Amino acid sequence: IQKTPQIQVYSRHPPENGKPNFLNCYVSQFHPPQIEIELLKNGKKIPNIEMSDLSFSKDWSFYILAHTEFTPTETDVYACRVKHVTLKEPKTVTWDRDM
């Protein structure tokens, strides 16, 4: 059956405003595999992001990791946005500095 995406945003190392870090967007539990995933900065399409090889769990649902470099600041807000069939509109998960 078709399944909806599990979108979760978080950093590689504890975030500290200003300093260099890495933003990750983990998209899992979906099906079928055709998908569109993108990161944003205050709304725009952060470009040149890397994406892991597409994989799947024992349940056959697909998981993939999207990540690019960035540096936090009390102003700049980052979020992940995916487009899939199970999605009526494009879901946008905004980053939570505590995750």
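The numbering used is simple: start at 1 and walk along the sequence shown.
On average the C-alpha atoms of 69-77 have higher B-factors than those of the other stretch, with 27-35 and 69-77 being the two compared. On average the C-alpha atoms of 37-45 have higher B-factors than those of the other stretch, with 37-45 and 58-66 being the two compared.
For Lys19, the recorded CA temperature factor ranks within the highest third of the chain's modelled residues.
Among the modelled residues of the chain, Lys91 sits in the lowest third by CA temperature factor in this PDB entry.
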